[PDB]
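Chains as they are written, first to last, in PDB author numbering: chain E, 693 to 741; chain W, 578 to 643; chain L, 594 to 939; chain U, 150 to 247; chain Y, 199 to 260, 268 to 412, 432 to 544.
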Amino acid sequence: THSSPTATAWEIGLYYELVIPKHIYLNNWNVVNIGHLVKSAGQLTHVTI
Amino acid sequence: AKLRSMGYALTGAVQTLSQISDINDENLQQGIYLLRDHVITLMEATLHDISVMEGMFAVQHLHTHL
Amino acid sequence: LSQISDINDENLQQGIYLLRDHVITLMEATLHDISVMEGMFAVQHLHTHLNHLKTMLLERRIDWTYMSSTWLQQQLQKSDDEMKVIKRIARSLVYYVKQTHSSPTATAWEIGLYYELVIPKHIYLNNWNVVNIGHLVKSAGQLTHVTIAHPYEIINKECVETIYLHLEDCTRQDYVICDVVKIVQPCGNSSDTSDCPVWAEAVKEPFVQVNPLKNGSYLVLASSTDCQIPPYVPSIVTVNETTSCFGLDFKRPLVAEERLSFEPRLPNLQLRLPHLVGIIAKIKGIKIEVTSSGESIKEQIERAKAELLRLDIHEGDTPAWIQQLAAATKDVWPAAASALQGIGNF
Amino acid sequence: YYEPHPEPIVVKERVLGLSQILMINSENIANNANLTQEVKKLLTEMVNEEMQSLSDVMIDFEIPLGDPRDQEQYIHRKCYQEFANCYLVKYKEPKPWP
Amino acid sequence: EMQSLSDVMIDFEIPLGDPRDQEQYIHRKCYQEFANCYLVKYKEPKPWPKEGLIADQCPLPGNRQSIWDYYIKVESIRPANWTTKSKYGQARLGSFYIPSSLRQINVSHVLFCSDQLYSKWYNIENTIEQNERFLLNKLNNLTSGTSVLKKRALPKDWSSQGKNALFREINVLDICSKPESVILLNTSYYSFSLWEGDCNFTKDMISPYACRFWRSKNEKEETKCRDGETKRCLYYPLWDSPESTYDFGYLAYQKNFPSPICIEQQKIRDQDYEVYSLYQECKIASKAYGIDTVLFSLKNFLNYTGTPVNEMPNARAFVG
Ligand SMILES: *[C@@H]1O[C@H](CO)[C@@H](O[C@@H]2O[C@H](CO)[C@@H](O[C@@H]3O[C@H](CO[C@H]4O[C@H](CO)[C@@H](O)[C@H](O)[C@@H]4O)[C@@H](O)[C@H](O[C@H]4O[C@H](CO)[C@@H](O)[C@H](O)[C@@H]4O[C@@H]4O[C@H](CO)[C@@H](O)[C@H](O)[C@H]4NC(C)=O)[C@@H]3O)[C@H](O)[C@H]2NC(C)=O)[C@H](O)[C@H]1NC(C)=O
Ligand SMILES: *[C@@H]1O[C@H](CO)[C@@H](O[C@@H]2O[C@H](CO)[C@@H](O[C@@H]3O[C@H](CO[C@H]4O[C@H](CO)[C@@H](O)[C@H](O[C@H]5O[C@H](CO)[C@@H](O)[C@H](O)[C@@H]5O)[C@@H]4O)[C@@H](O)[C@H](O[C@H]4O[C@H](CO)[C@@H](O)[C@H](O)[C@@H]4O)[C@@H]3O)[C@H](O)[C@H]2NC(C)=O)[C@H](O)[C@H]1NC(C)=O
Ligand SMILES: *[C@@H]1O[C@H](CO)[C@@H](O[C@@H]2O[C@H](CO)[C@@H](O[C@@H]3O[C@H](CO)[C@@H](O)[C@H](O)[C@@H]3O)[C@H](O)[C@H]2NC(C)=O)[C@H](O)[C@H]1NC(C)=O
Ligand SMILES: *[C@@H]1O[C@H](CO)[C@@H](O[C@@H]2O[C@H](CO)[C@@H](O[C@@H]3O[C@H](CO)[C@@H](O)[C@H](O)[C@@H]3O)[C@H](O)[C@H]2NC(C)=O)[C@H](O)[C@H]1NC(C)=O
Ligand SMILES: *[C@@H]1O[C@H](CO)[C@@H](O[C@@H]2O[C@H](CO)[C@@H](O)[C@H](O)[C@H]2NC(C)=O)[C@H](O)[C@H]1NC(C)=O
Ligand SMILES: *[C@@H]1O[C@H](CO)[C@@H](O)[C@H](O)[C@H]1NC(C)=O
Ligand SMILES: *[C@@H]1O[C@H](CO)[C@@H](O)[C@H](O)[C@H]1NC(C)=O
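Laid out in structure tokens, this is it:
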């Protein structure tokens, strides 16, 4: 906004985005599906939920 | 050539509040609400520490902050 | 290359071109400020500079202190705003660090830095993400979800003209960077539009999907009516007073101020599906392609006909077969359906 | 339907590759700043601290250009940084201060 | 630091109103530019009357003082037939010479920008954000729709109706720290002399330093050369040299020892000054013409002389 050899001035526009939480969850586990093998009419088959 | 993005101003509507306190209103939905008026701040006023320092000691403290 | 300027040669391709000779730089020469400072004031100013260089290099960024801006811009022959994009997306590599002298009062070091500057071809600012919703169809008893396979992922609109972009080989260095960006046309049934494939998939009844939008409306797709919203066709829904629909609360939105819009407006499109689309989607048990946007009546039919003919009558499920034939015949010949249904239940 | 994509999108034409060699020498810095033999020891400790830390997390990489040792600009700037103001004077014959 | 940040960030449109239309933006911009800037108008133009200044309260060179800029040094070596009257007019060699630039006949107004004449309400011990509010209230309380201060605001020296609501009163030691301030704003010249001769005070008439005059008068002013009446010749001064002592008048003023002090008043200017506030004019004019214009307009008025007053050092920022 101003530029002398002994003086300066600047302006900065900052925009912020604050997420407001509804609930916070701390003690958490990841799921790992393993399933089960089934041997049916000769064929081996992997079964999963 | 003179670039300028509309990435935060693309939809052609805007929902504004008169106070930060208004964000906790129970009958609002999940969206973006902007505070209507800008927050104006002078650094001289914010940085007290420098005010009471003198000479290059003042200058070096501001450099670290910037 | 023999000069940075040579990078703008028009008959080069898309690859990596190295400048042939190293750039040699003394810090003493670069940092003027320190030259005129004295005692510990000089020492502390250098400390701040060396600690900042280290912070940039850990994040794989470039500290532009040790390279002239005028020089680089003059050579690259770019605008003020292109340079800003070029300097934000450039990345650094430290390929050696060597101590060249070590006394109790004196030291000297050398650092090898390697830079890779992406030169842009085009920059796109006003962009939208596509979200496919589709449409429900109830066919010969079966409920089926139908979707178009669009040949683009981003819609762009800088001023008035809308543009449909297909991206390939993309990464993120602050901004999204892509090797390939092809401009396409939206789907249609004409010579001047895209001839896109149409997917069908069997789903469980009852089907309900409600997405709350950010502006305060709701996107609804549902196999059954509630609050006057028609079934099977999707719609953007808004209410003037809080109410419960599809077992959840649709709230009245907060009044908004109108600004200049950049929303895209896609062309409309009629789409004819095969009569037994529900039976075709059911006997595959996966999401299957059933037509194109711009296909003929003849080609569309000769597509599941042989498959469908070979679902013939059997000694072991005649009643279960006869009940399918009725559901298939109901819209064509209602008198015959009622008969077949009777001989079924007998 | 659509949602904004605020980040810019850059289409790549090409890539330019550069090699820069940075040379640090404490004695050159100590001469201009009029430092004393006590502060020379601080300068030396301080510079090693920062350089060593960087050395300790970066493995080496081969870069497919020629050896700097063969390039004029590398020879001229190394001789300067070591011997710019160094001279040798020879008396007509040996004679000391009387 | 600012340029480096500027050089990697493109612009983005944000869908709120223009800051230029918001009060808090107008009030904090006028403050940051013109908080302590004022304009003073003489009843009619009248300059400081003499070119020589007797001011013994200030300690001479032998901390640095601002008035040393105007101090005539007594030199032992001079050219042939050299006299003070040739160079420094009617000034007493070893005192202070006031230049003709600080004594212009046509100067009607004085423009200054400093926080060093505020009365006791202002304290640097207090917080910036307090000292802002304090000033911002006072300027609202001492004004009424225009930018002219109320007579109450002024010190008793500048107005009959002054009660020091905003400004303090200039004192005797202020000349040493802030010369131009006194020479341009004082209503009357008061002397402070320990020179043998003034007010007809004779060496007999007195009814380590003790009772003694600082500088006693010699027979006459003369030089002598040795066949080289050009460059280097010895000089014999009309008074003594204070180089040896250099604390005499300063220590005398503070009353560590008794001495024959001489003080005489001379009226310069009428006690009917008028004072405008450039901070209050910025707020008021920006509501009509908009800040972009008013800011640019008032920034030029600070550069009326050719050197901008707001970039001068705080103690020396006084211009006619
Ligand atoms: C710029 O403007 C400012 C004003 O804003 C001015 O500051 C003032 O300077 C004057 C002059 O130095 C100060 O007044 C003097 O104060 C002296 C000390 O006051 C104490 O003692 C008196 C009683 O004597 C008490 O009433 C008072 O409460 C204090 O305790 C005081 O001694 C001076 O008085 C003598 O001088 C005046 C001259 O007009 C005279 O009228 C008096 O009768 C008195 O006698 C004289 O004595 C001197 C020697 O001391 C002798 O030479 C002379 O012949 C005698 N005259 C007679 C008739 O016998 C005087 O009142 C005042 O305090 C300062 N004001 C402030 C607010 O600080 C600056 O000096 C100005 N600067 C410049 C460079 O122009
Ligand atoms: C994409 O868009 C195409 C083009 O619109 C759609 O295909 C067309 O669908 C319509 C509506 O179902 C069909 O309309 C019928 O046309 C027949 C007459 O067809 C004959 O004459 C045509 C003259 O232009 C000619 O194109 C036809 O050629 C095709 O068929 C022959 C024979 O199989 C084949 O050999 C060719 O290669 C072509 O494929 C053909 O010679 C007409 O009899 C129909 O009349 C009925 O409907 C009207 C109006 O309701 C009514 O008044 C009558 O009483 C009667 O009930 C009807 O108009 C048209 O045949 C289709 N055209 C083609 C090329 O297939 C297609 O469905 C769209 N695709 C998608 C995915 O949406
Ligand atoms: C910048 O310089 C100014 C001018 O010297 C400094 O202001 C001065 O600060 C000192 C120390 O706080 C003050 O001295 C003390 O004053 C109090 C109150 O009268 C007194 O009780 C003490 O005995 C001592 O004299 C002094 O008053 C003040 N200046 C003047 C002219 O009075 C200021 O501190 C400096 N700013 C810095 C270092 O950031
Ligand atoms: C490191 O120390 C050296 C040795 O003192 C410094 O050099 C000296 O710098 C001063 C100030 O710039 C010079 O004084 C001035 O010289 C000019 C030209 O003659 C003259 O016009 C001035 O009146 C004043 O005398 C001085 O010449 C110079 N040294 C010598 C021996 O002449 C140097 O500045 C110091 N480096 C720093 C602080 O980084
Ligand atoms: C303050 O006023 C002076 C005098 O009008 C300005 O001085 C001029 O500055 C420009 C700079 O481009 C020169 O081209 C002129 O030759 C200068 N003139 C003289 C007589 O010196 C000065 O620029 C003004 N400063 C500010 C900050 O507005
Ligand atoms: C001052 O004003 C007078 C009267 O208007 C005028 O004659 C004179 O030229 C001006 N300037 C000077 C330096 O006296
Ligand atoms: C004595 O002082 C008075 C003050 O009015 C002055 O007029 C007079 O000239 C002085 N006399 C001498 C001899 O100094």
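In this text, a Cβ means the ideal position worked out from N, Cα and C, and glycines have one as well.
For the beta strand (DSSP E) containing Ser837/L, list its first residue and its last residue.
Per DSSP, the unbroken beta strand (DSSP E) holding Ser837/L starts and ends at 836 to 838.
Under 9 Å from the C-beta of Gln230/Y: neighbouring residues of chain W
Within 9 Å Cβ-Cβ: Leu619, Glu621.
Taking contact to mean at least 3 C-beta pairs separated by less than 8 Å, is the segment 606 to 618 of chain W in contact with the segment 636 to 643 of chain W?
Short answer: they don't touch.
I'd like to check one pair, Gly299/Y with residue 263/Y: are the Cβ atoms closer than 8 Å?
Here chain Y is numbered 260 followed immediately by 268, so the structure offers no position for residue 263/Y.
When DSSP builds the beta bridges, which residues end up paired with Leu729/E?
Answer by DSSP bridge pairing, in chain order: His738/E.
Of the choices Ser440/Y, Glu505/Y, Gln495/Y, whose alpha-carbon is the least far from that of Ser365/Y?
Of the candidates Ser440/Y, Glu505/Y, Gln495/Y, the one whose C-alpha sits nearest the C-alpha of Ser365/Y is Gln495/Y.
Under 8 Å between the Cβ atoms of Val164/U and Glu703/L?
Pairing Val164/U with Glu703/L gives a Cβ-Cβ distance that is not under 8 Å.
Regarding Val387/Y and ligand 1, is the C-beta to nearest heavy atom distance less than 7 Å?
The answer is yes for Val387/Y.
Note the first and the last residue of the continuous beta strand (DSSP E) segment covering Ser168/U.
Per DSSP, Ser168/U is one residue of the beta strand (DSSP E) stretching across 158 to 172.
Beta carbon of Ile411/Y nearer than 8 Å to that of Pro466/Y:
No, they are not a contact pair.
Enumerate in chain order the residues of its own chain whose CB-to-CB distance from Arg308/Y is below 6 Å, with the five nearest sequence positions on each side excluded.
So the qualifying residues of the chain are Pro245, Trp246.
Name the residues in the segment 212 to 236 of chain Y whose C-beta lies less than 9 Å from a C-beta of chain L; which are they?
Cβ contacts with chain L come from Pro213.
Enumerate in chain order the residues of its own chain whose CB-to-CB distance from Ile515/Y is below 7 Å, with the five nearest sequence positions on each side excluded.
Residues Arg218, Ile224, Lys227 of the same chain have their beta carbon placed closer than 7 Å to that of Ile515/Y, with the five preceding and five following residues left out of the count.
Does the CB of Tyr708/E have a neighbour CB from chain Y at under 8 Å?
Not an interface residue.
Since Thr922/L contacts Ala929/L with CB under 8 Å, what's their CB separation in whole angstroms?
Contact check for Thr922/L and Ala929/L: beta-carbon distance about 5 Å, within the 8 Å limit, so the pair qualifies.
When the cut-off is 8 Å and only beta carbons count, does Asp320/Y lie next to chain A?
Here chain A cannot be found, since the structure's protein chains are E, W, L, U and Y.
Output needed in chain order: residues of the segment 581 to 593 of chain W with a Cβ under 7 Å from some Cβ in chain U.
Cβ contacts with chain U: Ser582, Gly584, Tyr585, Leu587.
Go through its chain and collect everything with a Cβ distance to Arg357/Y's Cβ below 6 Å, but skip five positions before and after it.
Excluding sequence neighbours, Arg357/Y sits near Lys368, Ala370.
Within this structure, are the beta carbons of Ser886/L and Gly727/L separated by less than 8 Å?
Contact: no.
Own chain residues within Cβ distance below 7 Å of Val591/W, not counting five before or after
For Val591/W, same chain residues with a beta-carbon under 7 Å away, outside a window of 5 residues either side, are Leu611 in chain order.
Would you say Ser696/E touches ligand 5, meaning its beta carbon is less than 7 Å from a heavy atom?
Indeed, a heavy atom of ligand 5 lies less than 7 Å from the Cβ.
Going along chain L, which residues have a C-beta under 8 Å from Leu612/W?
The contact set of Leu612/W on chain L, defined by CB atoms closer than 8 Å, is empty, because the minimum CB distance reaches about 14 Å.
Kindly indicate which three-state DSSP category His314/Y falls into: helix, strand or coil?
Correct three-state label for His314/Y: strand.
Could you name the residues of chain E that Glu535/Y contacts, counting a contact when the two beta carbons are closer than 7 Å?
Contacts between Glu535/Y and chain E, judged by CB atoms closer than 7 Å, involve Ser696, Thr698, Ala699 in chain order.
For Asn534/Y, which residues in the same chain have their Cβ closer than 6 Å to its Cβ, ignoring the five residues on either side in sequence?
For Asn534/Y, where only same-chain residues beyond five positions count, the Cβ hits under 6 Å are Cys318, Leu526.
Taking just the CA atoms, how far does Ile712/L sit from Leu650/L?
Distance between the alpha carbons of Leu650/L and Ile712/L: 21 Å.
I'd like to know if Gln596/L contacts chain U, where contact means its C-beta is closer than 8 Å to some C-beta of that chain.
With 8 Å as the cut-off, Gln596/L does not count as an interface residue toward chain U.
Indicate the three-state DSSP secondary structure (helix, strand or coil) for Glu199/U in the structure shown.
Reduced to three states, the DSSP call for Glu199/U is helix.
Which residues in the same chain as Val678/L place their Cβ atom closer than 8 Å to its Cβ, once the five residues preceding and following it in sequence are excluded?
Scanning its chain for C-beta atoms nearer than 8 Å, with the 5 sequence neighbours on each side dropped, one finds around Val678/L the residues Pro713, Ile716, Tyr768, in chain order.
Verify whether the separation of the beta carbon atoms of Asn808/L and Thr588/W is less than 8 Å.
Between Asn808/L and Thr588/W, the CB-CB gap stays under 8 Å.
In angstroms with no decimal places, state the Cα-to-Cα distance between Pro432/Y and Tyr474/Y.
Roughly 15 Å between the two C-alpha positions.
Can you determine whether any heavy atom of ligand 5 sits closer than 7 Å to the C-beta of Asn534/Y, and answer yes or no?
It does not: the Cβ of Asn534/Y is nowhere closer than 7 Å to a heavy atom of ligand 5.
Chain-order list of residues whose beta-carbon lies under 7 Å from that of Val813/L (same chain, five-residue window excluded)
A distance below 7 Å between beta-carbons, with the five flanking residues on each side excluded, links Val813/L to the following residues of its chain, in chain order: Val803, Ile822, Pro827, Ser828, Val830.
C-alpha gap between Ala742/L and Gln766/L, whole angstroms:
Roughly 29 Å between the two C-alpha positions.
Chain W contacts made by the segment 799 to 820 of chain L, where a contact means CB separation under 7 Å:
The residues in question are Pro805, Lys807, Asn808, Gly809.
Stretch-stretch touch, CB-based, cutoff 8 Å, three pairs: the segment 328 to 339 of chain Y with the segment 286 to 303 of chain Y:
The segment 328 to 339 of chain Y vs the segment 286 to 303 of chain Y: no contact.
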